[PDB]
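What follows is a single structure, written as C-alpha cells, with notes after it.
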There are 2 protein chains.
Amino acid sequence: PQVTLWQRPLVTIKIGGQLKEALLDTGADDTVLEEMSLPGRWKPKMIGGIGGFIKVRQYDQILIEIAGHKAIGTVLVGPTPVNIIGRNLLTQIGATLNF
Amino acid sequence: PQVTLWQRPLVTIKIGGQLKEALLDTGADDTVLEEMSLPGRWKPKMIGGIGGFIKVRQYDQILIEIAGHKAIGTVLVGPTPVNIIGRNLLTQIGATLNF
Ligand SMILES: COc1ccc(S(=O)(=O)N(CC(C)C)C[C@@H](O)[C@H](Cc2ccc(OC)c(Cl)c2)NC(=O)O[C@H]2CO[C@H]3OCC[C@H]32)cc1
C-alpha cells in the first residue's frame with residue numbers, strides 16, 4: 001500500500017505464530033520488538049536510541065509477516081517503547097519513501 | 001523523489017539559514033533537531049525512545065525546508081545524535097511510505 005503519515009504507521013505483523021502491532025519506522029536501522037518468547041538461539045546485544053542504550057536479545061533469520069509481506073531476518077527483543085520495524089526488514093518488503 | 005531504505009534516508013534540510021542533514025523518520029511523531037541556538041520563546045518537553053527520555057526545547061511555527069520542500073511547525077531541540085524529521089512535517093511535504 002501507500003501509507004500516509006497523518007497517523008502513526010502501525011500495521012499488524014505475524015511472528016512466531018503470534019499477531020502483534022508494530023510501527024513502520026524508517027528512522028530505525030534495526031527491528032526491535034517488546035519482550036516476547038522466540039524459537040531460535042539468541043545472542044546478547046546492545047542498541048541505542050534517543051534516550052541511550054538498552055540490552056536486547058538478538059535472534060537471527062526470523063520469519064516475520066509485515067502487513068501481508070514476508071521478511072526473514074534479524075529481530076532484536078528488549079525494552080522498547082513500541083514494536084518497531086526497521087530498515088533491515090523494510091528493505092525486504094520493498095518499502096520506499098517518496099514525496 | 002523516491003528515497004531508498006538501503007541506507008539511512010538522510011536528506012538536506014535548511015532551518016534558520018543553517019544547512020544540515022536529517023533523517024526522514026516515519027517512526028517519529030515530532031521533529032527533533034540536534035542542539036542549536038534558536039531565538040524566540042520555547043516550552044520545556046520530554047520525549048521518549050529506546051534509551052528512555054531526553055529533555056528538549058519546543059519551538060512552534062518554525063520554517064524548515066526539507067530537500068527543497070518548505071514546511072512550518074513545531075521543532076524540538078535537544079541532545080540527539082541526529083536531526084530527525086518527524087510526521088508533523090513529513091505530512092506537509094506529502095511524503096508517503098510505499099510497498
Ligand atoms: C514525540 O516525538 C518523538 C518521539 C520519539 C522519537 S525517537 O527518536 O525516540 N523514535 C521513536 C521510536 C523508537 C518509537 C524514532 C526512531 O526512528 C529513532 C530515531 C533515531 C534515534 C537515534 C539515533 O541515533 C542513535 C538514530 Cl540514528 C535514529 N530510531 C531508533 O531508535 O532506532 C534504533 C533501532 O535501530 C537503530 O538504528 C538507529 C537507532 C537504533 C522521535 C520523535
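Counting convention: from 1, in listed order, for ligands and their atoms alike. A, B, ... follow the sequence lines: proteins, then strands. Residue 1 opens every chain.
Counting only heavy atoms of the protein, atom 36 (C) of ligand 1 lies nearest to A:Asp29 N, 3.5 Å. Scanning all protein heavy atoms for the shortest distance to atom 41 (C) of ligand 1 gives B:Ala28 CB, 3.5 Å. Atom 28 (C) of ligand 1 has A:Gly27 O, 3.4 Å as its closest protein atom, hydrogens excluded (heavy atom only). Scanning all protein heavy atoms for the shortest distance to atom 1 (C) of ligand 1 gives B:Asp30 OD2, 3.4 Å.
Within the 4.5 Å cutoff, the side chain of A:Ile50 has heavy atoms near those of the B:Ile47 side chain.
Distances from atom 14 (C) of ligand 1 to the heavy atoms of A:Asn88, A:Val82, A:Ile54 show the closest one on A:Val82. Checking B:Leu10, B:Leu76, B:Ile50, B:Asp25 against atom 16 (C) of ligand 1, the nearest heavy atom belongs to B:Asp25.
A search for ring pair (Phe, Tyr, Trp, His ring centres under 6.0 Å) contacts involving A:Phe99 returns B:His69, not counting sequence neighbours. For B:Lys55, there are no salt bridge (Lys or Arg N to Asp or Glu O under 4.0 Å) partners, not counting sequence neighbours.
By the criterion of a heavy-atom distance under 4.0 Å, the side chain of B:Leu23, and not its backbone, is placed next to ligand 1. Contacts between A:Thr26 and ligand 1 below 4.0 angstrom, taking non-hydrogen atoms only, are absent altogether. At a 4.0 Å heavy-atom cut-off, ligand 1 touches B:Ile84 through the side chain alone.
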Working for side-chain contact (heavy atoms from CB on, under 4.5 Å), residues A:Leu23 and A:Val11: CA-CA 6 Å; A:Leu23 180 64; A:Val11 298; over 6 Å; no
Decide salt bridge (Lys or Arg N to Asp or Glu O under 4.0 Å) for A:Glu65 and A:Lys14; before the verdict, give the C-alpha distance in whole Å, the side-chain angles of both, and the deciding distance to 0.1 Å. CA-CA 5 Å; A:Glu65 172 199 328; A:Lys14 188 182 72 197; 3.3 Å; yes
Going through the distances and angles, do B:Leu90 and B:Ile85 end up as a side-chain contact (heavy atoms from CB on, under 4.5 Å)? CA-CA 7 Å; B:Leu90 293 171; B:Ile85 306 302; 3.9 Å; yes
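The closest donor-acceptor contact from the side chain of A:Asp30 to the backbone of A:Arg87 lies at 3.5 Å or more, if one exists at all. Distance alone, capped at 3.5 Å, is enough to place a donor-acceptor pair between the A:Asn83 side chain and the A:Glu21 backbone. Remark: the backbone N or O of B:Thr26 is paired with a side-chain donor or acceptor of A:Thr26 at under 3.5 angstrom.
The shell of residues lying under 4.0 angstrom from ligand 1, judged by heavy atoms, includes B:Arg8. Within the structure, the closest approach of A:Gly48 to ligand 1 falls below 4.0 Å when heavy atoms are considered.
Near B:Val32, with a cut-off below 4.0 Å to any heavy atom, the atoms of ligand 1 are 42 (C). Listed by number with element, the atoms of ligand 1 under 4.0 angstrom from any heavy atom of B:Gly49 are 9 (O).
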